[PDB]
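File shown: entry-v1.csv. Contents: CSV, C-alpha atoms.
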```csv
chain,number,residue,atom,x,y,z
A,1,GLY,CA,0.0,0.0,0.0
A,2,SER,CA,1.7,3.2,1.3
A,3,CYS,CA,5.4,3.4,0.8
A,4,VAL,CA,8.3,5.9,0.5
A,5,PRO,CA,9.2,7.0,-3.1
A,6,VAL,CA,12.7,6.0,-4.2
A,7,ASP,CA,15.3,8.8,-4.1
A,8,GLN,CA,13.2,10.3,-1.3
A,9,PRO,CA,13.9,10.5,2.5
A,10,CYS,CA,12.6,7.8,4.7
A,11,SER,CA,12.5,6.9,8.4
A,12,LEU,CA,13.5,3.7,10.2
A,13,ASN,CA,10.2,4.0,12.1
A,14,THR,CA,8.1,4.9,9.0
A,15,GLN,CA,6.7,2.8,6.1
A,16,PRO,CA,9.1,1.0,3.7
A,17,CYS,CA,10.2,2.3,0.4
A,18,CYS,CA,8.6,1.9,-3.1
A,19,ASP,CA,9.7,-0.1,-6.1
A,20,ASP,CA,11.3,-2.6,-3.6
A,21,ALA,CA,13.6,0.2,-2.4
A,22,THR,CA,15.5,0.2,0.9
A,23,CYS,CA,16.0,2.9,3.6
A,24,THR,CA,19.7,3.7,3.7
A,25,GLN,CA,21.9,6.3,5.5
A,26,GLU,CA,23.0,9.3,3.4
A,27,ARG,CA,23.9,13.0,3.6
A,28,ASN,CA,21.7,16.0,3.1
A,29,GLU,CA,22.2,19.5,1.9
A,30,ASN,CA,23.0,20.5,5.5
A,31,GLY,CA,25.6,17.7,5.8
A,32,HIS,CA,23.9,15.8,8.6
A,33,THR,CA,23.2,12.1,8.5
A,34,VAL,CA,19.8,11.1,7.0
A,35,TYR,CA,17.8,8.2,5.7
A,36,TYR,CA,16.8,7.9,2.0
A,37,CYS,CA,15.2,5.3,-0.2
A,38,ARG,CA,17.2,3.5,-2.9
A,39,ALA,CA,15.7,1.2,-5.6
```

Would you kindly transcribe this structure into structure tokens?
Amino acid sequence: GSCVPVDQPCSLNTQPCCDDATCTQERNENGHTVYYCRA
């Protein structure tokens, strides 16, 4: 049903990603650690 779009930020406590993506650690514009979705 509901999922996070790939290439978009996600959360370890939120719904999974879309297109069979995975929530991985990455860097943002600010430079702090974040979680994003990768197909």

Could you list as a compact mmCIF listing (two decimals) with C-alpha atoms, keeping the file's coordinate frame every residue that has an atom within 9 Å of (6.3, 7.0, -4.5), using the file's coordinates and counting only C-alpha atoms?
```txt
# COMPACT_ATOMS: atom_id res chain seq x y z
CA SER A 2 1.70 3.20 1.30
CA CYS A 3 5.40 3.40 0.80
CA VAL A 4 8.30 5.90 0.50
CA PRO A 5 9.20 7.00 -3.10
CA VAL A 6 12.70 6.00 -4.20
CA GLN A 8 13.20 10.30 -1.30
CA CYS A 17 10.20 2.30 0.40
CA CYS A 18 8.60 1.90 -3.10
CA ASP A 19 9.70 -0.10 -6.10
```

One-decimal distance in Å that lies between CA of residue 34 (chain A) and CA of residue 1 (chain A)
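Between CA of residue 1 (chain A) and CA of residue 34 (chain A) the gap is 23.8 Å.
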
I'd like the neighbourhood of residue 26 (chain A) as a PyMOL selection string, where a residue qualifies if any of its atoms comes within 8 Å (using only C-alpha atoms), though same-chain residues fewer than 3 positions away should be ignored.
chain A and resi 33-36

Length of the CA of residue 39 (chain A) to CA of residue 23 (chain A) vector [Å]:
9.4 Å

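Atom to atom, CA of residue 12 (chain A) and CA of residue 31 (chain A) stand 19.0 Å apart.
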
Counting only C-alpha atoms, what is within 6 Å of residue 38 (chain A), bar same-chain residues fewer than 5 positions away, as an MDAnalysis selection string?
chainID A and resid 6:7 21:22

Incomplete region 19-34 of chain A brought to N, CA, C and O atoms, written out as a PDB file, in the coordinates of the input:
```pdb
ATOM      1  N   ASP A  19       8.956   0.525  -5.058  1.00  0.00           N
ATOM      2  CA  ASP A  19       9.700  -0.100  -6.100  1.00  0.00           C
ATOM      3  C   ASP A  19      10.772  -1.083  -5.496  1.00  0.00           C
ATOM      4  O   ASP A  19      11.848  -1.280  -6.061  1.00  0.00           O
ATOM      5  N   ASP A  20      10.443  -1.651  -4.341  1.00  0.00           N
ATOM      6  CA  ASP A  20      11.300  -2.600  -3.600  1.00  0.00           C
ATOM      7  C   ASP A  20      12.625  -1.854  -3.227  1.00  0.00           C
ATOM      8  O   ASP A  20      13.710  -2.433  -3.266  1.00  0.00           O
ATOM      9  N   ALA A  21      12.494  -0.596  -2.816  1.00  0.00           N
ATOM     10  CA  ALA A  21      13.600   0.200  -2.400  1.00  0.00           C
ATOM     11  C   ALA A  21      14.009  -0.137  -0.939  1.00  0.00           C
ATOM     12  O   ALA A  21      13.325  -0.915  -0.272  1.00  0.00           O
ATOM     13  N   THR A  22      15.090   0.466  -0.460  1.00  0.00           N
ATOM     14  CA  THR A  22      15.500   0.200   0.900  1.00  0.00           C
ATOM     15  C   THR A  22      15.980   1.560   1.544  1.00  0.00           C
ATOM     16  O   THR A  22      16.601   2.404   0.895  1.00  0.00           O
ATOM     17  N   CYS A  23      15.652   1.725   2.821  1.00  0.00           N
ATOM     18  CA  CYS A  23      16.000   2.900   3.600  1.00  0.00           C
ATOM     19  C   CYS A  23      17.474   2.863   3.981  1.00  0.00           C
ATOM     20  O   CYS A  23      17.847   2.029   4.807  1.00  0.00           O
ATOM     21  N   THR A  24      18.306   3.723   3.398  1.00  0.00           N
ATOM     22  CA  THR A  24      19.700   3.700   3.700  1.00  0.00           C
ATOM     23  C   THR A  24      20.186   5.102   4.213  1.00  0.00           C
ATOM     24  O   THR A  24      19.571   6.131   3.934  1.00  0.00           O
ATOM     25  N   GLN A  25      21.290   5.081   4.947  1.00  0.00           N
ATOM     26  CA  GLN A  25      21.900   6.300   5.500  1.00  0.00           C
ATOM     27  C   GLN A  25      22.567   7.088   4.390  1.00  0.00           C
ATOM     28  O   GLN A  25      23.241   6.526   3.527  1.00  0.00           O
ATOM     29  N   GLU A  26      22.383   8.398   4.428  1.00  0.00           N
ATOM     30  CA  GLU A  26      23.000   9.300   3.400  1.00  0.00           C
ATOM     31  C   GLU A  26      23.185  10.683   4.009  1.00  0.00           C
ATOM     32  O   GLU A  26      22.904  10.931   5.182  1.00  0.00           O
ATOM     33  N   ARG A  27      23.680  11.590   3.175  1.00  0.00           N
ATOM     34  CA  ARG A  27      23.900  13.000   3.600  1.00  0.00           C
ATOM     35  C   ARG A  27      22.965  13.928   2.918  1.00  0.00           C
ATOM     36  O   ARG A  27      22.574  13.722   1.770  1.00  0.00           O
ATOM     37  N   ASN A  28      22.585  14.983   3.633  1.00  0.00           N
ATOM     38  CA  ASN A  28      21.700  16.000   3.100  1.00  0.00           C
ATOM     39  C   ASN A  28      22.405  17.260   2.720  1.00  0.00           C
ATOM     40  O   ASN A  28      23.632  17.330   2.810  1.00  0.00           O
ATOM     41  N   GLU A  29      21.652  18.271   2.301  1.00  0.00           N
ATOM     42  CA  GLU A  29      22.200  19.500   1.900  1.00  0.00           C
ATOM     43  C   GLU A  29      22.936  20.203   3.101  1.00  0.00           C
ATOM     44  O   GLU A  29      23.922  20.921   2.930  1.00  0.00           O
ATOM     45  N   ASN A  30      22.425  19.949   4.302  1.00  0.00           N
ATOM     46  CA  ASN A  30      23.000  20.500   5.500  1.00  0.00           C
ATOM     47  C   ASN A  30      24.301  19.794   5.885  1.00  0.00           C
ATOM     48  O   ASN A  30      25.197  20.384   6.487  1.00  0.00           O
ATOM     49  N   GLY A  31      24.393  18.518   5.521  1.00  0.00           N
ATOM     50  CA  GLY A  31      25.600  17.700   5.800  1.00  0.00           C
ATOM     51  C   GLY A  31      25.386  16.751   6.961  1.00  0.00           C
ATOM     52  O   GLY A  31      26.314  16.027   7.319  1.00  0.00           O
ATOM     53  N   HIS A  32      24.181  16.706   7.528  1.00  0.00           N
ATOM     54  CA  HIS A  32      23.900  15.800   8.600  1.00  0.00           C
ATOM     55  C   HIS A  32      23.426  14.437   8.081  1.00  0.00           C
ATOM     56  O   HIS A  32      22.943  14.344   6.952  1.00  0.00           O
ATOM     57  N   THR A  33      23.576  13.394   8.890  1.00  0.00           N
ATOM     58  CA  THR A  33      23.200  12.100   8.500  1.00  0.00           C
ATOM     59  C   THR A  33      21.656  11.959   8.355  1.00  0.00           C
ATOM     60  O   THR A  33      20.915  12.475   9.191  1.00  0.00           O
ATOM     61  N   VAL A  34      21.205  11.293   7.298  1.00  0.00           N
ATOM     62  CA  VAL A  34      19.800  11.100   7.000  1.00  0.00           C
ATOM     63  C   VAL A  34      19.498   9.758   6.438  1.00  0.00           C
ATOM     64  O   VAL A  34      20.418   9.015   6.103  1.00  0.00           O
TER      65      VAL A  34
END
```
